[PDB]
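Below is one structure, written out as structure tokens, with a few remarks after it.
In each ligand, atom 1 is the first atom listed, and ligand 1 is the first ligand listed. Letters A, B, ... mirror the listed sequences (proteins, then strands); counts begin at 1.
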Amino acid sequence: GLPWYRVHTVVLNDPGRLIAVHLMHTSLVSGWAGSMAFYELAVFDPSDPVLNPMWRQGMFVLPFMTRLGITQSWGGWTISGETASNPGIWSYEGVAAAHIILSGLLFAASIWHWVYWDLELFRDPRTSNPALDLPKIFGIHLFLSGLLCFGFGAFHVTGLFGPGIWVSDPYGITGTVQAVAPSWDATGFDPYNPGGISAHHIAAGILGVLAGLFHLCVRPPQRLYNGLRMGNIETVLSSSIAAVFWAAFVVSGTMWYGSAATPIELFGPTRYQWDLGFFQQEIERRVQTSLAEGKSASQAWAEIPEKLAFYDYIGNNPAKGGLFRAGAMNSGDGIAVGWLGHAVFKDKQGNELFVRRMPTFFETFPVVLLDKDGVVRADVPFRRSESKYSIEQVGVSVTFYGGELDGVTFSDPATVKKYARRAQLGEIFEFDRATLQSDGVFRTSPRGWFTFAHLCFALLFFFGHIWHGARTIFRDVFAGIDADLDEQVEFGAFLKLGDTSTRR
Amino acid sequence: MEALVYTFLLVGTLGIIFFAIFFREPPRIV
Amino acid sequence: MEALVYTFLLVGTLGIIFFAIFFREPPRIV
Amino acid sequence: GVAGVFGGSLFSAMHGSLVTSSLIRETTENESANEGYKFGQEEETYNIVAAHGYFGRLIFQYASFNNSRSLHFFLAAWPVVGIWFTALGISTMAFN
Amino acid sequence: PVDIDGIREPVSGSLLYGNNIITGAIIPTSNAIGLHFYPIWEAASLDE
Amino acid sequence: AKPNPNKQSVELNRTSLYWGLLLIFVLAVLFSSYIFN
Amino acid sequence: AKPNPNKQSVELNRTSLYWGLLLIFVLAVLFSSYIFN
Amino acid sequence: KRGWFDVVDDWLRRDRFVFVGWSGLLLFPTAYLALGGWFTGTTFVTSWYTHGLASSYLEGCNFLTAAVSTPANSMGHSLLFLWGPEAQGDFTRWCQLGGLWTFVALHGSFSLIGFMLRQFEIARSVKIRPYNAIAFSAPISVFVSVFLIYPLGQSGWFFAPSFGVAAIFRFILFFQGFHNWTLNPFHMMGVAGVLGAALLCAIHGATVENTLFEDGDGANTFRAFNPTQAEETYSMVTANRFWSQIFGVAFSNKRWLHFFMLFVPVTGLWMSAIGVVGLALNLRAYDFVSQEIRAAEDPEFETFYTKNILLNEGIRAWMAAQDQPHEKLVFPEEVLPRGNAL
Amino acid sequence: XXXXXXXXXXXXXXXXXXXXXXXXXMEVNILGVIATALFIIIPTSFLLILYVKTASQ
Amino acid sequence: XXXXXXXXXXXXXXXXXXXXXXXXXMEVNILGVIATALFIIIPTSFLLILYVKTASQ
Amino acid sequence: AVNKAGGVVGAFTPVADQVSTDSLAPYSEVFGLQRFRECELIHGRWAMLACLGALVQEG
Amino acid sequence: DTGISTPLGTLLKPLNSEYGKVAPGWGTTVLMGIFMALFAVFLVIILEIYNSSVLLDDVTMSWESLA
Amino acid sequence: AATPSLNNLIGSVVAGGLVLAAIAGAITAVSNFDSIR
Ligand code: CLA
Ligand code: CLA
Ligand code: CLA
Ligand SMILES: CCCCCCCCCCCCCCCC(=O)OC[C@H](CO[C@@H]1O[C@H](CS(=O)(=O)O)[C@@H](O)[C@H](O)[C@H]1O)OC(=O)CCCCCCCCCCCCCCC
Ligand SMILES: CCCCCCCCCCCCCCCC(=O)OC[C@H](CO[C@@H]1O[C@H](CS(=O)(=O)O)[C@@H](O)[C@H](O)[C@H]1O)OC(=O)CCCCCCCCCCCCCCC
Ligand SMILES: CCCCCCCCCCCCCCCC(=O)OC[C@H](COP(=O)(O)OC[C@@H](O)CO)OC(=O)CCCCCCCCCCCCCCC
Ligand SMILES: CC1=C(/C=C/C(C)=C/C=C/C(C)=C/C=C/C=C(C)/C=C/C=C(C)/C=C/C2=C(C)CCCC2(C)C)C(C)(C)CCC1
Ligand SMILES: [Fe+2]
């Protein structure tokens, strides 16, 4: 009897039913994409693109549709918040319906290619046995890959015939779907340059076509054919599994580190923007320039976009979640309602204090207020018996500039402590924890979840490379080793290992 | 949730109909 | 309700252990 | 104790992989290799000399147990001795 | 719940008292007991 | 006609059933606390 | 001891499977609305 | 008349005392440098300018406290070549910058590939199955996830485990305090794999030794064996009946037993590797929210989980100031969480 | 002053959408999902066990 | 009567009890019941289908 | 029980420059003199039109 | 035994005909090794740019290059 | 416009080739000097 872990090996040497089995996975994957999109559209709230973006609602496939140009819904709304203008077929609902319809067609084709497995196409004309000319098939299917790679970068991304791709400003404030022009110089290899994407898919497409032509014309070397077992289709599986986990590692790195293909306006900020003070530095710079124009601190902070401030909140950091804190970031800390304005903490003598921001590594972090030169001046003491820095005996007050609480100042220690705790999380926002009953613990964005999933898949698929790779090479000994082997395995019997013609 | 469970039950029932018609046990004479 | 799930899972595992010991395939010599 | 369990885990994996790598062909590829062994067999189900040859070349000839009895004593002694000492360690640390 | 530290601060370790399988435990004997033998018959009540 | 020559029959002995049932239940025991959270 | 002489083997043809699957799903469709209530 | 590949293949796969093979071209260079880098780093190279610590014998450390420490956090994930923009060709400054860690980590990671290729190379030559190479994927998964993937998800190489005994202990205690790594269900499966494999190693070794057939007249039973003997050395039937009546269940298949001895340890390390991949993103199983909600609302509900949560807070606060000098954390003592007395 | 009225001031709806344009989140016992699930899988498995046994002859 | 409505709550507690002092734990996912049920039954059924098929031959 | 990989079953020099009814691959061999001459002529005739066409439309 | 013949099958049949045909010896292996070496160098260069171990004047390698 | 970091990257690639060439050269020399048959 066949073991349960070798059941799907019956199509190993059946090209007709291998296509049928591969058509079924294709039907399911497109079926999932359509089903996933429809669910997300049933839960997504497009009313507030600034304080309730996609990445705060746990939307996973919505950013990927938006990344390539899908921005409008049949419901009449646009992802940017403007009103839809004749969405046409290719809406969020249309793309979801298309992947669903495709799923049904692939399901039907799978049944046909399964019932009619005994096609003369899959027969070796020399031996009349089922066989696939894998070196030629690879050239065919690579030429299509090169052709499709070229067209995506030359028509779709470039904008010649297509929507372009999502391009954002450096601080994720103003991002739209634009037609990007290929950048052919060294800046084309800048990961944060969207012009490199069009240039790459054009050049790799051209080389993909030419490589497909070569691999379609030139027969493999005899030595390479035997060394790589090119007559065995499990060789293709080993190399494909190797290539797909290489791509999974790369695609996880560019998601975690950020690139032009993972805009923060679609997937949320990266953990390194919080670590390096990417948004905080920009916010202080804009406020400082407005102060240089002789504007009041109350009105300079009011100029700061609320979208920019929301990025400076540690709750939007993708490295603050948990493996089993499931759901949307809204389910963790609530739905963002409004900015409370910048909180500036002042000593009793008037010196300004800064709350030490919480590093990403800390689940909890002591609240400590520093002055300009970095010296600890006040804090919330754990031991309130002989404290020397408690805000009560330092007279710390908090005043808010901009936002909802602009102008309002608090002096009682209880509220000053409350906002000091909020201040170490970055900017202070008002959250609605009643609609979805948020617990109060942070969650990861789609950036975090995508990275974890495709890193775990990448690691598991390395074992696949080793297993399926060892299976094809060691196929002749899969059921066991030869009975009489001792003479060859003897130490020193032969000069060269294995070679029986090199007897010592 | 209910709307998701109603749709799965309905399409699940439709899926059975498809298999009962095309993937049926063929009636064979003797 | 979680306590119901936890208890069922634990006593379910012990049920498998009982059956694996007494309702096992006997090892028969060749 | 850590060397006992890390080593014991290493030796379990090596012994299991070396015996599995040396299974004498007695089945087809549509059956489990386990089927090649019949409970009560009087003959060996894997080639010890072949496994020793592999591990002999893997590091060097004399780093491998040619003797199954010595090998299995080592498989038992290493984790047992290691766990004996870590059990003593907690016992000694009981008296500070 | 069991007063493990002898400081009259019981620690819950049962499933029916709010623990899951990971956090559930049989709490060690109270620190007030020490190494003293504490069979059920040396207690005034089974609640104690 | 021409029946497919690649037919095989899956097999699962009773000891594999116990190993499989133990794995499914022990995995649920391990992960249930986290899913419930 | 000697084997039990009352041993029988249960059978379920494919058409019975489709009827059984149809009944379970149709009955679920019927009662699901009321169970959710 | 043979070509270069054939004449070279003849020499590389010569059956000598230490087999070289084609994979030896990658293994022995990289493995020697990784070994040499560690011995050199633990003996002469300091971590004074990277961690503010002494980590060499020359500085006064012993085998337990010497280590090859990671670069400073300001270096990020720099590969830190000898010729890179950091320590541009200056060997001594390269050592002071922690560049020896990436040297050991990189040449060490390619040595693991070389050794696994060596297992494939020898197994094909000896004409046996490649299950030792498959077993070696588990240690590689552990090394790849712990020494490469985890720091790559963090700020930089600084948070990777430094190559040392006490340095690994700090890495271990860091994971408890910051990640609650014990509570993670993937270390739990890793523990069960390692402890289960240690159990199998001991129980199988003892079972074989105590079911041995009498193949000699000497009390020394080790000598009564021949590697080429066809008969089995121990009674599987007695072994099977022993464990059936002692434990209730026993192995009846010799092949299954040895595969299980291979599956338990490998699966354990692989499951543990998945968990560390999650910690790379701080995607950790730190806490049970339901109990935290209950504990916050009810100040009398205490479990061993909540006690551990307070222990982690102590670890993080009392360790961050020195373990993370780049953060420049000046905590006055009044703000550190401390219990009564002690 | 206190931000207790800030969340109240959010009269403009700010919440993930319900399945209906007129909002569909009604009080249905979630035990219905489990009851429907058990009523489907348990008898389905019973039938599949008997059919696969029969189909294998 | 709202005075008497809240009089009972602050006074002797309401009914339906709870396991031990408190075991509501409404934060519990509850969807974990479906996750745990589906993760048990679906693989269990798969194993039972194969065993009954095997045991009958 | 044993699935050995295939070995050299023989050396053959296929006859090139043989056109067949196969629409997708008419010639017997890719590397044939007559197939290349058709490629040389077709590539060449396209270039002659292109070279003149580029000049004329520019002027 | 010839299998089911279809119009699409006869059209695509030439593409699945030269199953075992190989070039004798090492063929174009050395040429393949050249491209792998160039590809390896290309992969290194783009890795260094992202890792910031190679600093190019025009590239900035940060979010600020989105401007 | 080659930065010094770019030059070292090119130098490292060349140095890597020399190390590989030195390895291959030594192996080919010994393999020819010490040949079987
Ligand atoms: C006409 C066909 C078609 C079209 C136009 C689309 C379009 C779309 N799909 Mg869909 N899909 C299709 C077919 C199609 N799909 C089929 C047949 C399946 C079944 C497998 C799917 C399964 C699927 C899923 C699961 C998902 C989509 C999604 C999407 C949306 C985002 C795509 C994206 O950004 O991902 C990016 C695409 C890539 C990154 C491809 C990378 C290419 C790799 C790296 C190849 C590299 C190796 C290559 C061989 C190198 C050699 C060649 C080279 C040398 C030249 C988008 C609107 C996503 C979505 O938004 O959900 C609705 C989603 O998750 N699709
Ligand atoms: C690469 C694949 C991928 C990724 C990255 C995501 C990512 C995401 N999904 Mg998702 N999804 C996927 C595939 C994926 N999905 C598939 C294949 C399905 C079909 C089942 C779904 C169906 C789905 C739904 C219905 C929802 C999401 C939601 C979400 C978002 C919340 C993430 C979350 O909380 O998960 C949490 C993950 C965990 C709590 C545990 C991870 C799995 C563990 C690590 C494996 C352990 C083994 C197993 C669990 C043991 C079982 C034991 C037993 C007791 C259960 C998030 C951005 C939610 C959302 O935000 O809505 C917008 C949402 O409701 N997804
Ligand atoms: C097979 C043995 C081997 C291997 C695999 C490695 C691998 C590695 N070494 Mg190491 N090393 C070795 C032997 C080896 N070394 C030896 C014998 C020594 C002398 C003792 C050193 C001394 C050494 C030092 C001092 C350092 C390294 C470093 C490194 C790492 C990065 C360096 C690098 O590869 O950049 C370059 C990449 C390449 C050279 C790719 C090669 C591809 C081929 C050769 C291209 C062919 C070139 C040819 C001219 C064609 C021109 C193409 C054209 C486009 C220009 C890397 C993982 C660095 C490190 O440890 O990082 C911290 C480092 O500082 N090594
Ligand atoms: C409609 C779309 C899918 C909806 C799914 C909804 C779920 C409920 C319906 C399906 C479950 C009930 C079917 C029972 C099958 C049965 O008894 O006959 C067994 C059939 C009959 O064919 C076998 O084929 C044999 C030929 S051979 O031996 O295989 O060559 C032949 O003897 C004879 O036909 C028969 O024995 O055996 C099969 O080969 C069928 C494949 C296994 C069943 C697949 C179930 C899942 C379907 C897809 C699910 C995902 C849907 C989304 C798609 C993107
Ligand atoms: C969500 C799932 C529920 C989880 C529940 C967990 C607890 C139970 C786990 C059971 C798992 C094992 C299944 C396979 C067992 C097997 O193959 O048996 C082997 C024997 C062999 O057949 C018999 O064999 C006999 C001898 S021998 O066994 O063949 O040697 C022979 O004489 C006789 O003719 C023949 O019929 O099978 C049986 O006949 C056993 C009885 C049928 C199985 C019933 C199991 C369910 C019991 C109810 C549990 C729930 C309620 C409990 C309340 C107290
Ligand atoms: C007298 C006191 C008894 C002490 C108690 C002993 C407990 C017995 C536990 C065995 C049940 C496991 C069944 C294995 C499934 C089974 O019965 O397979 C039976 C199997 C026999 O395999 P064979 O040699 O027959 O294999 C032939 C091939 O067909 C293999 O497929 O025995 C073993 O594999 C040995 C491993 C036993 C060790 C089991 C691991 C430890 C149990 C873990 C329990 C989890 C904790 C639960 C707590 C809630
Ligand atoms: C036939 C036909 C039709 C219809 C069709 C359809 C209806 C389709 C769809 C289908 C579908 C509707 C599909 C879906 C699917 C789904 C899937 C396929 C999923 C799965 C899942 C998974 C696989 C997961 C797993 C896991 C979990 C659970 C946990 C965590 C981890 C993971 C994630 C891994 C039409 C009308 C067109 C017409 C024509 C014909
Ligand atoms: Fe053994």
| remark: At under 4.0 Å between heavy atoms, what of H25(A) touches ligand 1? The answer is neither
| task | Please report which non-hydrogen protein atom sits nearest to atom 37 (C) of ligand 3, along with the residue it belongs to and the distance in Å to one decimal place. | result | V44(L) CG2, 4.2 Å
| said: Determine whether any protein heavy atom is located less than 4.0 Å from atom 55 (C) of ligand 1. | reply: yes
| request: Starting from atom 53 (C) of ligand 3, locate the nearest protein heavy atom and write down its residue, its atom name and how far away it is, to 0.1 Å. | output: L38(L) CD2, 4.3 Å
| Any non-hydrogen protein atom below 4.0 Å of atom 62 (C) of ligand 1? | yes
| message | Below a 4.0 angstrom heavy-atom separation, can you tell me which part of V41(L), side chain or backbone, both or neither, approaches ligand 3? | response | side chain
| request: Give the contacting part of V29(A) toward ligand 1: side chain, backbone, both or neither, where contact means a heavy-atom distance below 4.0 Å. | output: both
| Which bit of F103(H) gets closer than 4.0 Å to ligand 3, counting heavy atoms only: side chain, backbone, both or neither? | both
| task | Could you tell me whether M36(A) approaches ligand 1 through its side chain, its backbone, both or neither, with non-hydrogen atoms closer than 4.0 Å? | result | neither
| query | What is the nearest protein non-hydrogen atom to atom 21 (C) of ligand 3, stated with its residue, atom name and distance? | reply | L33(H) CD1, 3.6 Å
| task | Among all protein heavy atoms, pick out the one at the shortest distance from atom 2 (C) of ligand 3; state its residue, atom name and that distance to 0.1 Å. | result | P29(H) CB, 3.7 Å
| Sub-4.0 Å protein heavy atom near atom 34 (O) of ligand 3 | no
| remark: Going by the 4.0 angstrom heavy-atom rule, the piece of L25(H) near ligand 3 is backbone
| said: Considering non-hydrogen atoms of the protein only, which is the closest contact for atom 51 (C) of ligand 3, and what is the distance? | reply: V13(M) CG1, 4.7 Å
| query | Under a heavy-atom criterion of less than 4.0 Å, does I70(A) contact ligand 1? | reply | no
| field | Side chain, backbone, both or neither: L102(A) near ligand 1, heavy atoms under 4.0 Å | value | side chain
| request: Tell me which protein heavy atom sits closest to atom 32 (C) of ligand 3, plus the residue, atom name and distance to 0.1 Å. | output: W83(H) CZ2, 3.7 Å
| query | Can you check whether a protein heavy atom sits less than 4.0 angstrom from atom 40 (C) of ligand 1? | reply | no
| Out of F28(H), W101(H), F110(H), whose heavy atom sits nearest atom 57 (C) of ligand 3? | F110(H)
| message | Under a plain distance cut-off of 3.5 Å, with no hydrogens placed, do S23(H) and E121(H) share a side-chain donor-acceptor pair? | response | no
| task | Return yes if some donor-acceptor pair links the side-chain N/O of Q88(H) with the main-chain N/O of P85(H) below 3.5 Å, else return no. | result | yes
| query | With under 30° as parallel and over 60° as perpendicular, where do the rings of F324(A) and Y34(F) fit, or are they tilted in between? | reply | tilted
| Is at least one protein non-hydrogen atom found at under 4.0 angstrom from atom 18 (C) of ligand 1? | yes
| request: Return a yes/no value: protein heavy atom under 4.0 Å from atom 4 (C) of ligand 3? | output: yes
| request: Output the list of atoms in ligand 1 that are nearer than 4.0 Å to some heavy atom of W32(A), sorted by atom number. | output: 25 (C), 64 (O)
| request: Look at atom 7 (C) of ligand 1 and say whether a protein heavy atom is found at less than 4.0 angstrom from it. | output: yes
| said: Any protein heavy atom at under 4.0 Å, with atom 44 (C) of ligand 1 as the reference point? | reply: no
| message | Please list the nearest protein heavy atom to atom 31 (C) of ligand 3 with its residue and the distance rounded to 0.1 Å. | response | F81(H) CE2, 3.4 Å
| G146(A) near ligand 1, heavy-atom distance under 4.0 Å? | yes
| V61(A) and ligand 1 - part of the residue with a heavy-atom distance under 4.0 Å | both
| field | Sub-4.0 Å protein heavy atom near atom 14 (C) of ligand 3 | value | yes
| request: Determine if the distance from atom 28 (C) of ligand 3 to the closest protein heavy atom is below 4.0 Å. | output: yes
| query | Any heavy atom of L80(H) sitting closer than 4.0 Å to ligand 3? | reply | yes
| task | Give the atoms of ligand 1, by number and element, whose distance to some non-hydrogen atom of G208(A) is under 4.0 Å. | result | 55 (C)
| query | Do protein heavy atoms approach atom 34 (C) of ligand 7 to less than 4.0 Å? | reply | no
| task | Please write down residue, atom name and distance for the protein heavy atom closest to atom 25 (C) of ligand 3. | result | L82(H) CD1, 3.7 Å
| field | N, O or S atom within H107(H) nearest to atom 10 (Mg) of ligand 3, by name | value | NE2
| query | Should you measure from each heavy atom of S103(A), which atoms of ligand 7 turn up under 4.0 Å away? | reply | 8 (C), 9 (C), 10 (C)
| message | With a heavy-atom distance limit of 4.0 Å, tell me whether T30(H) approaches ligand 3 through its side chain, its backbone, both, or neither. | response | side chain
| message | Could you tell me, atom by atom, which parts of ligand 3 come under 4.0 Å of a heavy atom of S12(M)? | response | 39 (C)
| task | Heavy-atom contacts with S35(A) under 4.0 Å: which atoms of ligand 7 show up? List them by number with element. | result | 11 (C), 12 (C), 14 (C)
| field | Within reach of ligand 1, part of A204(A) (heavy-atom separation under 4.0 Å) | value | backbone
